Amino acid sequence: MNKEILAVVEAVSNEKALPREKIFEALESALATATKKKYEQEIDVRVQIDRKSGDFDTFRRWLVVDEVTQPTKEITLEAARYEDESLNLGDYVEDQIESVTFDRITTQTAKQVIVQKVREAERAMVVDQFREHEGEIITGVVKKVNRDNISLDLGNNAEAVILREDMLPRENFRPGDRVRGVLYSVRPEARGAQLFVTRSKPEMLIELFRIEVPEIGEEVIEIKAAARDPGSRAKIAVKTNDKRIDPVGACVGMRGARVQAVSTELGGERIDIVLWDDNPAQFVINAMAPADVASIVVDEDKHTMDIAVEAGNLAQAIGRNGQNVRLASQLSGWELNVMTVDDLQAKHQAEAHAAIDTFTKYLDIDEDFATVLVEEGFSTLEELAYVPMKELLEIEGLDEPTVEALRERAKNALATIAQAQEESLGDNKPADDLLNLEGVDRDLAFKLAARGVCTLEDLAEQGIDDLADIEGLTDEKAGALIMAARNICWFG
Amino acid sequence: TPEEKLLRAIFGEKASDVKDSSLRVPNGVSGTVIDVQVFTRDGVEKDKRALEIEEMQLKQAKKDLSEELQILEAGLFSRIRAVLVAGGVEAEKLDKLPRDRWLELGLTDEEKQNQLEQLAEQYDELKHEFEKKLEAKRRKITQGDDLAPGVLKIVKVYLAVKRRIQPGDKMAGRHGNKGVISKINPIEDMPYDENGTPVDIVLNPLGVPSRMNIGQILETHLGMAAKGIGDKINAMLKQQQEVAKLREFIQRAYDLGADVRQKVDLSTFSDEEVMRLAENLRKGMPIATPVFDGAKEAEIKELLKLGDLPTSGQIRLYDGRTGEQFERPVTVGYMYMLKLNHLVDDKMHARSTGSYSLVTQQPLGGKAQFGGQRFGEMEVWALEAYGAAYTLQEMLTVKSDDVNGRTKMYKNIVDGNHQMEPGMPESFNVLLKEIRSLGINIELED
Amino acid sequence: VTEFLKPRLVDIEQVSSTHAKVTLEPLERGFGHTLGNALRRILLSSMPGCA
Amino acid sequence: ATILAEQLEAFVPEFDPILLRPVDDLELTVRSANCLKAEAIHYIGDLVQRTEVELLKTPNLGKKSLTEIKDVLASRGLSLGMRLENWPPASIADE
Amino acid sequence: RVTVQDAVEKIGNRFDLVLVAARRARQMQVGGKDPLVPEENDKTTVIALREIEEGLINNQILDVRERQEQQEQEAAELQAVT
Amino acid sequence: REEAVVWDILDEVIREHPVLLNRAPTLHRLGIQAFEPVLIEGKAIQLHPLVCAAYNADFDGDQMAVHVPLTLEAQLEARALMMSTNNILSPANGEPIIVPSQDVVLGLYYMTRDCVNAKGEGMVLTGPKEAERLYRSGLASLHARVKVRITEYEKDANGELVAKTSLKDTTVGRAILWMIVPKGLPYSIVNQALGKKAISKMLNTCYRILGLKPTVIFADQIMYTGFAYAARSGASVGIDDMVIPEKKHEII
DNA sequence: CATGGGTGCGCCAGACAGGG
DNA sequence: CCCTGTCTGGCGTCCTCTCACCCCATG
Ligand SMILES: [Mg+2]
């Protein structure tokens with residue numbers, strides 16, 4: 001009876017490595033809840049278990065509050081202090097109440113609350129101790145297969161889930177099968193699965209390589225990037241600081257044994273291992289393997305790279321359904337355009353001709369001088385307007401007066417283009433002139449400017465009939481805006 | 001359990017082992033508790049309600065014997081007043097003194113002082129008899145009662161159900177016309193006549209020529225004659241008519257026949273009994289018809305002619321549903337019908353899964369024991385006579401006898417899988433043990 | 001006290017052509033007969049027409 | 001149905017009274033009602049102006065009787081410490 | 001459902017009707033197979049006899065479908081192994 | 001507790017689940033028959049009247065037992081072997097056991113008969129539908145001889161029903177009862193007076209020609225129209241109905 | 001306390017005597 | 001042994017619903 005409480009507390013404390021205090025607090029809450037259910041009225045109840053005897057006293061708790069909303073469970077601070085002057089806001093006032101007999105009903109409630117406390121203590125500490133597993137490749141047994149997810153048993157009452165998107169496209173699991181996967185997310189949800197496991201994401205590939213390649217687990221080789229088409233093909237980029245170690249050779253292993261072990265665990269996924277380079281162009285050449293790259297052109301402003309290949313290698317460089325270029329682009333972070341050497345030359349000739357036409361049209365220069373600007377690397381009016389004067393003065397035949405005139409023309413051309421677009425739509429010119437009439441929103445100003453009504457004068461000249469087809473403009477609203485425009489233009 | 005054994009510590013008592021359970025009673029009947037008896041074997045402590053019943057019956061018997069003494073003393077004093085009307089009467093002096101001394105008044109040695117002495121003998125006998133009988137009645141209430149071997153107290157409770165009528169009860173007349181009442185119609189659907197009154201009960205005519213009880217139709221016609229006389233009395237009395245017209249009509253309704261035995265006359269009833277006799281005749285006039293010397297047809301016709309009813313006994317009747325007339329006018333009247341105590345909420349019974357017998361694992365028999373109906377031998381023959389084979393297999397293996405078979409069946413029914421695992425009847429194993437308990441060696445081969 | 005079960009034609013199963021079957025529910029424990037009889041007697045004769 | 005229906009058309013400021021009510025109408029325990037009467041609290045409008053801290057100073061008013069008063073006031077949508085401007089109305093000042 | 005006359009017109013024994021309809025109702029109830037006729041929330045017995053009346057189920061077709069959907073399961077197992 | 005939601009559950013399980021009704025002295029196999037339940041406010045088993053002649057069940061205080069086929073093969077045996085529609089012929093012979101017993105033959109015998117003068121004597125009617133319309137409106141009598149035009153379907157080909165329409169000199173009641181007869185039977189099955197032997201051979205010829213399902217639905221329509229016109233008949237029994245012979249006393 | 005010992009049914013049918 | 005009379009055994013409808021009462025006796 002008495003000594004049995006101590007023996008139970010000691011057995012549970014030792015077996016679940018849990019603080020005795022946390023078990024008692026929970027038993028007190030369990031007994032309070034079991035007591036509340038025996039009364040027809042909603043009462044507040046505190047239970048206190050004596051830590052030496054295992055005896056327990058049950059109260060009618062009265063949550064000391066400032067304002068009483070529930071007179072059956074709450075008492076004012078003034079009324080609580082009339083019974084005991086030591087009480088504060090948030091304390092409990094008690095009332096001698098018959099403790100519930102410990103029947104198999106309370107026993108079952110106590111068992112359930114202990115089990116729940118162990119889930120939030122023993123199992124929580126087990127998950128904390130398995131900080132590596134929360135991130136590394138956990139191993140589970142398939143408990144249940146549904147259409148949209150697989151439930152894994154990890155042992156110790158821990159359940160994990162693999163979602164349909166987190167599976168490989170050709171995997172078929174049965175109840176009782178062993179499955180490995182990366183624990184990529186732990187969610188403290190009050191309902192559902194708490195442990196989310198992936199086999200499809202790139203982290204599964206990284207951690208399989210960490211286990212299979214000791215040199216990655218010892219931090220001698222680093223995986224810098226991983227790009228993956230799950231169950232089909234992946235690319236990994238590897239670097240080492242030790243010049244004595246070939247990082248690609250280490251990840252492949254003797255006759256490919258290491259990469260084949262990882263591929264076999266991923267259902268026969270093809271894995272390319274590439275050397276990481278700190279030069280983006282050299283890294284993209286490596287990422288494009290097994291296709292040979294002839295030349296690369298880098299557009300830093302668009303964050304894009306044009307990759308020229310021999311006409312025989314084009315199909316290999318793109319890969320089946322663009323898989324090779326897509327995985328290389330995901331691995332590099334660059335947008336990759338794969339074309340032939342002939343197509344790259346034709347593209348550059350078309351861009352050079354478009355730049356020459358743009359410069360000839362807007363800068364009032366001859367085609368010979370526009371060609372020199374493009375040969376010196378200028379492709380946009382913005383570059384010519386904003387580039388440091390020193391770079392323009394390095395061009396053979398440019399003097400300081402001609403560079404100043406060229407920049408002034410480029411700025412005036414950019415301003416003319418801006419004004420043209422601002423009057424064509426409602427960016428600035430029609431967003432101020434046509435939008436002067438009170439009531440004109442930016443959308444209506446652009447709808448007016450699409451009809452050639454660009455200014456407040458153009459609107460003052462319209463009839464209601466000329467504007468009747470504009471979506472969102474009623475005849476009354478059209479008439480009001482035309483009259484507002486006329487009042488400003490003709491009577492201001 | 002750990003917590004059930006910890007009961008001593010957390011709360012108290014001891015340990016939760018013996019099943020705490022209060023004898024609660026079953027269902028099927030309503031009622032109102034009208035009378036509770038409590039009998040106590042002597043020596044056992046009377047609780048507070050047994051002392052309440054003891055005080056109650058002490059109080060009732062005390063009041064009853066005291067009222068015996070008071071009522072018989074009132075009759076005795078009325079006798080003393082009746083004797084002292086003559087012979088030394090005191091008209092004013094009689095009620096000046098207390099009433100228990102009505103003997104020493106002025107009166108000589110006659111039969112009257114002798115009678116007052118005899119009444120004094122009776123009065124003192126009643127006094128001492130009341131003393132000794134109240135002592136004996138307190139003894140009878142206070143004592144215990146000899147009872148069964150090893151019983152403390154018997155509580156008897158009298159429920160008082162009020163059972164009305166419903167489709168399924170059995171009613172019958174007095175000639176053999178039985179019947180289960182089949183539908184309790186509304187008022188409007190009843191066939192009414194060209195006065196307005198609905199008929200109460202619609203029998204079936206076809207039971208008359210085969211089941212030859214033609215007496216119920218003569219009883220029906222004579223009952224309609226009786227109610228016709230009763231309606232004419234109710235009409236002559238509801239109009240507040242003087243007693244002369246009531247005397248006329250009641251005399252005409254009581255003569256009415258051949259040489260008969262009755263021969264009453266209302267000229268010696270004196271104008272107050274005739275009103276009370278008509279107060280008793282207004283719901284109908286009772287008619288005696290002795291067994292083999294009864295009322296012939298012409299007398300029924302002459303009594304149906306005294307009321308203004310049709311001679312043939314048949315009124316044309318309208319319909320309640322259609323509101324249009326039934327062709328070929330029908331027979332109405334009054335029949336005296338009896339409710340029999342073969343009710344329908346005493347026969348109706350149903351059982352899914354109840355208790356099972358002990359020696360042969362089959363369900364119990366009866367209704368008070370919550371039992372199942374006997375699927376007898378001729379029903380087994382009638383299912384062999386069809387081709388029903390699985391119905392008979394579950395009718396005598398799964399539903400009845402095999403215990404593992406029926407627990408598998410109950411799990412399979414509450415999970416939606418209609419399927420039986422057959423097994424063997426356990427009563428066939430009882431047959432094997434009874435034949436095997438002789439010198440006979442019965443087995444099961446293979 | 002004047003609140004009854006107001007009914008409605010839940011379906012008109014018009015069987016084939018020139019023939020319908022109109023079911024009305026729910027009525028009181030006695031109003032099916034009075035509406036059937038009223039509509040039956042009125043349709044039979046009162047309803048006018050030409051022939 | 002149209003014929004049969006056409007053949008039948010010839011047949012067919014102390015807040016409010018709540019405040020203006022006496023405290024005895026609140027169904028309070030005989031203890032709580034007698035404690036309020038001892039402090040000259042006659043109307044519901046007088047009770048609603050008093051704070052919980054003021055009612056606890058009243059002789060013989062316990063924490064239990066204060067909880068009863070709150071639960072009863074809450075059942076009527078009233079709370080302790082409401083300020084009524086112009087209470088008592090001049091209609092009550094003459095009793 | 002009132003009569004089962006055509007379900008005997010298509011299976012002449014009137015005892016094989018009970019076996020075929022019981023086999024069919026056990027496939028529809030616990031095994032989780034769809035009815036081949038659209039129901040009206042009938043129970044599985046009447047849906048079995050309603051499939052018998054259409055003719056699309058008797059013992060021949062049930063043996064054909066059990067052999068083919070047992071060979072399909074063992075074929076799936078063999079192609080999963082090898 | 002019997003809450004408000006278990007009665008919908010009960011109307012779900014009762015549906016399409018037959019029960020075995022059984023009279024207590026079962027002598028032959030027609031004394032155990034399987035029905036479908038229809039729930040009753042009450043405490044008494046309502047039993048269809050024609051079926052009573054199989055059970056030897058009157059209603060003078062009789063009791064019956066209900067049994068539930070639990071398993072699925074037993075539900076199918078109750079529907080396919082022991083259903084009450086399947087037992088329409090007695091196994092001892094060829095005679096139908098769902099013969100209409102007592103009220104319904106009185107309703108038919110009063111309906112299909114004749115009298116030498118009634119309302120609508122010798123008028124001519126364009127079909128049985130207006131025969132019933134003349135009976136209901138109050139312009140003719142149920143037995144009044146009349147030429148009607150009936151269309152009897154005789155199936156003289158190999159499974160093809162050939163219509164022949166003609167004018168039969170018949171009564172009003174025989175046309176009203178012709179509205180219930182199925183297609184294949186000839187009109188002369190109702191042209192007579194229809195006692196009990198005649199209605200038994202009516203159901204027997206319907207079973208031999210048109211099979212089982214028209215005979216089940218026609219047995220029900222016989223019972224309904226017999227009960228309805230026996231109610232409309234008002235066929236009582238009086239004391240004057242038993243006519244004493246005037247020649248009886250001289251014979252004695 | 002524990003144990004210890006009426007005389008109103010009638011037919012069929014085959015086995016056991018009983019003559020024969 | 002072949003027929004005759006006697007002597008014992010085996011058997012006689014199915015479901016239900018109440019009730020009442022189950023071994024003395026005693027050294
Ligand atoms: Mg009977």
# chains A, B, ... in the order shown; residues from 1 in each chain; ligands from 1

call {"tool": "residues_near_ligand", "arguments": {"ligand": "ligand 1", "cutoff": "10 Å", "atoms": "only C-alpha atoms (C1' of nucleotides) and all ligand atoms", "output": "count of residues only"}}
result
13

call {"tool": "residues_around", "arguments": {"residues": "stretch 55-59 of chain E", "least_positions_apart": "3", "cutoff": "8 Å", "atoms": "only C-alpha atoms (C1' of nucleotides)", "output": "list in words"}}
result
residues 10, 11, 20, 51, 52, 62 and 63 of chain E

call {"tool": "atom_distance", "arguments": {"atom1": "atom CA of residue B:345", "atom2": "atom CA of residue B:204"}}
result
25.0 Å

call {"tool": "interface_residues", "arguments": {"of": "chain E", "to": "chain F", "cutoff": "7 Å", "atoms": "only C-alpha atoms", "output": "CSV table (one decimal) with N, CA, C and O atoms, in the first residue's frame"}}
result
chain,number,residue,atom,x,y,z
E,3,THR,N,-39.2,-11.8,-56.6
E,3,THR,CA,-39.0,-13.2,-57.1
E,3,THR,C,-37.6,-13.4,-57.6
E,3,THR,O,-36.9,-12.5,-58.0
E,4,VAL,N,-37.2,-14.7,-57.6
E,4,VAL,CA,-35.9,-15.1,-58.1
E,4,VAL,C,-36.1,-16.1,-59.2
E,4,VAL,O,-35.2,-17.0,-59.4
E,18,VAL,N,-27.7,-20.9,-55.1
E,18,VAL,CA,-27.3,-20.5,-53.7
E,18,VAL,C,-25.8,-20.5,-53.6
E,18,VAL,O,-25.3,-19.6,-53.0
E,22,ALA,N,-23.8,-17.1,-53.1
E,22,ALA,CA,-23.0,-17.0,-51.8
E,22,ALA,C,-21.6,-16.7,-52.1
E,22,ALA,O,-21.0,-15.9,-51.4
E,43,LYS,N,-28.6,-4.8,-50.2
E,43,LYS,CA,-27.6,-5.6,-49.5
E,43,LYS,C,-27.0,-6.5,-50.6
E,43,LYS,O,-27.5,-6.7,-51.7
E,45,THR,N,-26.6,-9.7,-50.9
E,45,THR,CA,-27.4,-10.8,-51.4
E,45,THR,C,-28.2,-10.5,-52.6
E,45,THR,O,-28.2,-11.2,-53.6

call {"tool": "select_by_dssp", "arguments": {"residues": "stretch 345-380 of chain B", "states": "alpha helix (DSSP H)", "output": "list in words"}}
result
residues 377, 378, 379 and 380 of chain B

call {"tool": "write_last_selection", "arguments": {"atoms": "C-alpha atoms", "output": "PDB file, in the first residue's frame"}}
result
ATOM      1  CA  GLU B 377     -38.186 -31.665 -34.431  1.00  0.00           C
ATOM      2  CA  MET B 378     -40.913 -31.056 -36.998  1.00  0.00           C
ATOM      3  CA  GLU B 379     -39.259 -27.776 -37.983  1.00  0.00           C
ATOM      4  CA  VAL B 380     -36.049 -29.721 -38.595  1.00  0.00           C
TER       5      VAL B 380
END

call {"tool": "closest_residue", "arguments": {"among": "C:12, C:5, C:43, C:50", "to": "residue C:30", "atoms": "only C-alpha atoms"}}
result
C:5

call {"tool": "interface_residues", "arguments": {"of": "chain F", "to": "chain B", "cutoff": "8 Å", "atoms": "only C-alpha atoms", "output": "number ranges by chain"}}
result
F: 26-32, 42-44, 59-61, 65, 69-75, 77-78, 81-82, 102-103, 232-240

call {"tool": "write_last_selection", "arguments": {"atoms": "N, CA and C atoms", "output": "short mmCIF file (atom, residue, chain, number, x, y, z; two decimals), in the first residue's frame"}}
result
data_model
loop_
_atom_site.label_atom_id
_atom_site.label_comp_id
_atom_site.auth_asym_id
_atom_site.auth_seq_id
_atom_site.Cartn_x
_atom_site.Cartn_y
_atom_site.Cartn_z
N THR F 26 -46.06 -27.38 -36.55
CA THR F 26 -45.66 -27.45 -37.95
C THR F 26 -45.86 -28.88 -38.43
N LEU F 27 -46.76 -29.09 -39.38
CA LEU F 27 -46.99 -30.45 -39.87
C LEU F 27 -46.32 -30.72 -41.21
N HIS F 28 -46.43 -29.81 -42.17
CA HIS F 28 -45.75 -29.95 -43.44
C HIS F 28 -44.84 -28.75 -43.65
N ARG F 29 -44.14 -28.73 -44.79
CA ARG F 29 -43.08 -27.75 -44.99
C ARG F 29 -43.59 -26.35 -45.22
N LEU F 30 -44.88 -26.16 -45.44
CA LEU F 30 -45.41 -24.83 -45.64
C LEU F 30 -45.69 -24.13 -44.33
N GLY F 31 -45.38 -24.77 -43.21
CA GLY F 31 -45.49 -24.19 -41.89
C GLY F 31 -44.23 -23.52 -41.40
N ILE F 32 -43.19 -23.42 -42.23
CA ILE F 32 -42.05 -22.55 -41.98
C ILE F 32 -41.84 -21.77 -43.26
N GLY F 42 -46.42 -1.77 -32.28
CA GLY F 42 -47.31 -2.75 -31.71
C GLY F 42 -46.52 -3.88 -31.11
N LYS F 43 -47.24 -4.93 -30.72
CA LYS F 43 -46.62 -6.09 -30.10
C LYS F 43 -47.17 -7.39 -30.67
N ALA F 44 -47.57 -7.38 -31.93
CA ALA F 44 -48.20 -8.54 -32.53
C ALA F 44 -47.71 -8.71 -33.96
N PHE F 59 -57.02 -16.56 -36.32
CA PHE F 59 -56.56 -15.49 -35.46
C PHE F 59 -57.37 -15.47 -34.18
N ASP F 60 -57.54 -16.64 -33.57
CA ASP F 60 -58.30 -16.76 -32.34
C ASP F 60 -57.41 -16.87 -31.11
N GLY F 61 -56.17 -16.42 -31.21
CA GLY F 61 -55.27 -16.44 -30.08
C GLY F 61 -53.99 -17.17 -30.41
N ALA F 65 -43.55 -18.18 -33.90
CA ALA F 65 -42.15 -17.95 -33.60
C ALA F 65 -41.44 -17.40 -34.81
N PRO F 69 -32.24 -16.01 -39.85
CA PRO F 69 -31.09 -16.61 -40.52
C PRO F 69 -29.85 -15.77 -40.31
N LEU F 70 -28.87 -16.27 -39.57
CA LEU F 70 -27.72 -15.44 -39.26
C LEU F 70 -26.79 -15.32 -40.45
N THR F 71 -26.23 -16.44 -40.91
CA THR F 71 -25.17 -16.39 -41.89
C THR F 71 -25.72 -16.03 -43.27
N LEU F 72 -24.83 -15.94 -44.24
CA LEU F 72 -25.20 -15.41 -45.54
C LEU F 72 -25.85 -16.46 -46.41
N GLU F 73 -25.39 -17.71 -46.29
CA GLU F 73 -26.02 -18.82 -46.99
C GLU F 73 -27.43 -19.05 -46.49
N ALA F 74 -27.70 -18.75 -45.22
CA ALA F 74 -29.03 -18.93 -44.70
C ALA F 74 -29.97 -17.81 -45.14
N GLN F 75 -29.47 -16.58 -45.31
CA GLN F 75 -30.30 -15.53 -45.89
C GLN F 75 -30.66 -15.87 -47.32
N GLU F 77 -30.86 -18.95 -48.52
CA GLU F 77 -31.82 -20.04 -48.51
C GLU F 77 -33.20 -19.57 -48.13
N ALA F 78 -33.30 -18.55 -47.28
CA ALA F 78 -34.61 -18.02 -46.94
C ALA F 78 -35.21 -17.25 -48.10
N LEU F 81 -35.41 -20.39 -51.36
CA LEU F 81 -36.13 -21.65 -51.19
C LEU F 81 -37.36 -21.53 -50.33
N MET F 82 -37.30 -20.71 -49.29
CA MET F 82 -38.30 -20.70 -48.24
C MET F 82 -39.11 -19.43 -48.22
N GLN F 102 -61.53 -16.58 -47.18
CA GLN F 102 -62.94 -16.41 -46.81
C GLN F 102 -63.58 -15.05 -47.08
N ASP F 103 -62.95 -13.92 -46.68
CA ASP F 103 -63.56 -12.62 -46.92
C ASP F 103 -63.51 -12.26 -48.39
N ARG F 232 -67.17 -2.72 -49.16
CA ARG F 232 -68.24 -1.99 -49.82
C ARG F 232 -69.53 -2.78 -49.91
N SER F 233 -69.48 -4.09 -49.73
CA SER F 233 -70.69 -4.89 -49.88
C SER F 233 -71.62 -4.71 -48.71
N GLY F 234 -71.07 -4.63 -47.50
CA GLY F 234 -71.86 -4.62 -46.28
C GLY F 234 -72.63 -5.91 -46.09
N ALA F 235 -71.96 -7.05 -46.26
CA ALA F 235 -72.63 -8.35 -46.26
C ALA F 235 -72.73 -8.86 -44.83
N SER F 236 -73.79 -8.46 -44.14
CA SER F 236 -74.00 -8.82 -42.75
C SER F 236 -74.57 -10.22 -42.60
N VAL F 237 -75.08 -10.52 -41.41
CA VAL F 237 -75.96 -11.67 -41.18
C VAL F 237 -77.00 -11.26 -40.16
N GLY F 238 -78.26 -11.56 -40.44
CA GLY F 238 -79.33 -11.12 -39.56
C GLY F 238 -80.10 -12.28 -38.99
N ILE F 239 -81.19 -12.02 -38.27
CA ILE F 239 -82.05 -13.11 -37.86
C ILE F 239 -83.06 -13.43 -38.95
N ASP F 240 -83.33 -12.49 -39.85
CA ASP F 240 -84.28 -12.72 -40.93
C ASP F 240 -83.66 -13.43 -42.12
#

call {"tool": "residues_around", "arguments": {"residues": "residue F:142", "least_positions_apart": "5", "cutoff": "8 Å", "atoms": "only C-alpha atoms (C1' of nucleotides)", "output": "list in words"}}
result
residues 111, 112, 135, 171, 172 and 173 of chain F

call {"tool": "select_by_dssp", "arguments": {"residues": "stretch 134-335 of chain B", "states": "strand (DSSP E or B)", "output": "PyMOL selection string"}}
result
chain B and resi 153-159+170-172+180+192-193+198+314-315+317+330-331

call {"tool": "residues_around", "arguments": {"residues": "stretch 73-77 of chain B", "least_positions_apart": "4", "cutoff": "9 Å", "atoms": "only C-alpha atoms (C1' of nucleotides)", "output": "ChimeraX atom specification"}}
result
/B:68-69,81-82,99-100,102,119,122-123,126

call {"tool": "write_last_selection", "arguments": {"atoms": "N, CA and C atoms", "output": "short mmCIF file (atom, residue, chain, number, x, y, z; two decimals), in the first residue's frame"}}
result
data_model
loop_
_atom_site.label_atom_id
_atom_site.label_comp_id
_atom_site.auth_asym_id
_atom_site.auth_seq_id
_atom_site.Cartn_x
_atom_site.Cartn_y
_atom_site.Cartn_z
N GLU B 68 -63.21 0.99 17.18
CA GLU B 68 -64.13 -0.07 17.57
C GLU B 68 -64.79 0.24 18.90
N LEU B 69 -63.98 0.64 19.89
CA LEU B 69 -64.52 0.99 21.20
C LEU B 69 -65.42 2.22 21.15
N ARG B 81 -80.08 5.96 25.47
CA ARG B 81 -81.04 7.01 25.13
C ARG B 81 -82.37 6.44 24.66
N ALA B 82 -82.34 5.33 23.90
CA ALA B 82 -83.58 4.70 23.45
C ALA B 82 -84.35 4.06 24.59
N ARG B 99 -71.30 11.73 30.04
CA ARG B 99 -72.11 10.72 29.40
C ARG B 99 -71.85 9.30 29.89
N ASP B 100 -70.72 9.07 30.56
CA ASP B 100 -70.41 7.71 31.00
C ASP B 100 -71.23 7.28 32.22
N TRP B 102 -74.85 7.22 32.89
CA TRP B 102 -76.27 7.27 32.53
C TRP B 102 -77.04 6.13 33.18
N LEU B 119 -75.83 -3.53 30.24
CA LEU B 119 -74.98 -2.68 29.42
C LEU B 119 -73.74 -2.19 30.16
N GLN B 122 -71.48 -5.13 29.75
CA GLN B 122 -70.94 -5.07 28.40
C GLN B 122 -69.87 -3.98 28.27
N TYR B 123 -70.06 -2.85 28.94
CA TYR B 123 -69.12 -1.74 28.81
C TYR B 123 -67.81 -2.04 29.52
N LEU B 126 -65.97 -4.46 27.46
CA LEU B 126 -65.28 -3.79 26.36
C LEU B 126 -64.03 -3.05 26.83
#

call {"tool": "atom_distance", "arguments": {"atom1": "atom CA of residue B:309", "atom2": "atom CA of residue F:246"}}
result
27.5 Å

call {"tool": "residues_around", "arguments": {"residues": "residue C:47", "least_positions_apart": "5", "cutoff": "10 Å", "atoms": "only C-alpha atoms (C1' of nucleotides)", "output": "short mmCIF file (atom, residue, chain, number, x, y, z; two decimals) with N, CA and C atoms, in the first residue's frame"}}
result
data_model
loop_
_atom_site.label_atom_id
_atom_site.label_comp_id
_atom_site.auth_asym_id
_atom_site.auth_seq_id
_atom_site.Cartn_x
_atom_site.Cartn_y
_atom_site.Cartn_z
N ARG C 41 -63.63 13.10 -55.44
CA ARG C 41 -65.00 13.49 -55.79
C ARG C 41 -65.03 14.73 -56.66
N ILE C 42 -64.09 15.66 -56.48
CA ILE C 42 -64.17 16.93 -57.27
C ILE C 42 -63.73 16.63 -58.72
N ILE D 3 -60.41 24.73 -57.29
CA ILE D 3 -61.86 24.71 -57.10
C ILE D 3 -62.21 24.54 -55.62
#

call {"tool": "atom_distance", "arguments": {"atom1": "atom CA of residue B:422", "atom2": "atom CA of residue B:401"}}
result
10.4 Å

call {"tool": "interface_residues", "arguments": {"of": "chain F", "to": "chain C", "cutoff": "10 Å", "atoms": "only C-alpha atoms", "output": "MDAnalysis selection string"}}
result
chainID F and resid 133:134 136:137

call {"tool": "write_last_selection", "arguments": {"atoms": "N, CA and C atoms", "output": "compact mmCIF listing (two decimals), in the first residue's frame"}}
result
# COMPACT_ATOMS: atom_id res chain seq x y z
N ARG F 133 -65.46 3.90 -63.15
CA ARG F 133 -65.89 5.29 -62.98
C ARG F 133 -67.41 5.41 -62.83
N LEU F 134 -68.19 4.57 -63.51
CA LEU F 134 -69.63 4.58 -63.29
C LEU F 134 -70.01 3.94 -61.97
N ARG F 136 -68.11 4.21 -59.20
CA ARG F 136 -67.71 5.11 -58.12
C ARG F 136 -68.54 6.38 -58.08
N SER F 137 -68.93 6.92 -59.24
CA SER F 137 -69.64 8.19 -59.24
C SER F 137 -71.06 8.04 -58.74

call {"tool": "residues_around", "arguments": {"residues": "residue A:239", "least_positions_apart": "2", "cutoff": "12 Å", "atoms": "only C-alpha atoms (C1' of nucleotides)", "output": "list in words"}}
result
residues 215, 216, 219, 220, 221, 222, 223, 224, 225, 236, 237, 241, 242, 243, 245, 246, 247, 248, 249, 250, 251, 273, 274, 275, 276, 277, 278 and 283 of chain A

call {"tool": "residues_around", "arguments": {"residues": "stretch 57-70 of chain A", "least_positions_apart": "5", "cutoff": "9 Å", "atoms": "only C-alpha atoms (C1' of nucleotides)", "output": "VMD selection string"}}
result
(chain A and resid 28 31 to 32 35 43 to 50 75 to 80 87 to 100) or (chain B and resid 10 to 11) or (chain D and resid 67 70 to 71 74)
